[PDB]
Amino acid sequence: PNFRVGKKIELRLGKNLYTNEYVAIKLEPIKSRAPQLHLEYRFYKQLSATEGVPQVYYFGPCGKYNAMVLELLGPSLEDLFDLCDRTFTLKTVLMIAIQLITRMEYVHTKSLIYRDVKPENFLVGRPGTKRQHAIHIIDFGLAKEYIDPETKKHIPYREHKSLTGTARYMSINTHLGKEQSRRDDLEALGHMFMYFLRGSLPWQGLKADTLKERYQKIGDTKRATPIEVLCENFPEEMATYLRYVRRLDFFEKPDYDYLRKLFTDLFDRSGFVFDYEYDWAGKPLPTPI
């Protein structure tokens, strides 16, 4: 349709001219060597049929750029994490986790692996909207098809991959240079869940002579940190989740129902109600508007 573009939030704020609804506009130089935005558009369209991703409204030229126009959502879990003094309660982590296992299952069901799990990439809905309490997944810049579309077969196992990604959440097998698969998306979520609960991960803050060596140093520490220690003083289901996903084979389909039951059983046993009343409920949320 017809859109106008505003200030930076390259991501910009924009407006649908006929509805006067705000939107987000991602921009890539039209003269780019290595254009990637069209590829990310492709992924969002593959995933269109769920309400856990932003809607995309347009891909094409806005001037000296190509533009992808998408639904404007709320703050990221990292934004909200900061708001809540960098810890989340169990109830809030569980509501997040149950949603994101389902979200990740849906991405996997559409033949894609995500490969960029981090709290910055999960957003609540826009304050005041119907889906304001839902958690959404964004940014498929690192995503990849794990099922070849002609052969209908899973991508081959491969080693010595070079590391791109947020070192903090990545799976141990990713650290090792292995081709990422479904398992790795779920392990990374697990690391993020512990991050939320603990306030931090014990391999945060590590520094090295290079970024390559920082990845290695962080991987060493993940390998040297037993799940029993990492999840010490937190429910066993957290460790149960982590052990399960750490043991998954490269080609293995995860039992998403099982992992979800771990958490939904604990949620109920804990006496929690799925009210979408998060730690950040009632707090004034940031907006570009």
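We number the residues from 1 along the sequence you see.
Per the record, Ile9 and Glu10 are separated by 4 to 9 deposited residues that have no coordinates. Stretches 182-190 and 147-155 differ in mean C-alpha B factor, with the higher average recorded for 147-155.
Ranked by Cα temperature factor within the chain, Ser200 sits in the middle third according to the deposited record. In the deposited entry, the Cα temperature factor of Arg260 places it in the middle third of its chain's modelled residues. Remark: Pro127 belongs to the highest third of its chain, ranked by C-alpha B-factor as recorded.
The entry lists a Cα temperature factor for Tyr244 that places it in the lowest third of the chain's modelled residues. When the modelled residues of the chain are ordered by C-alpha B-factor, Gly219 sits in the middle third.
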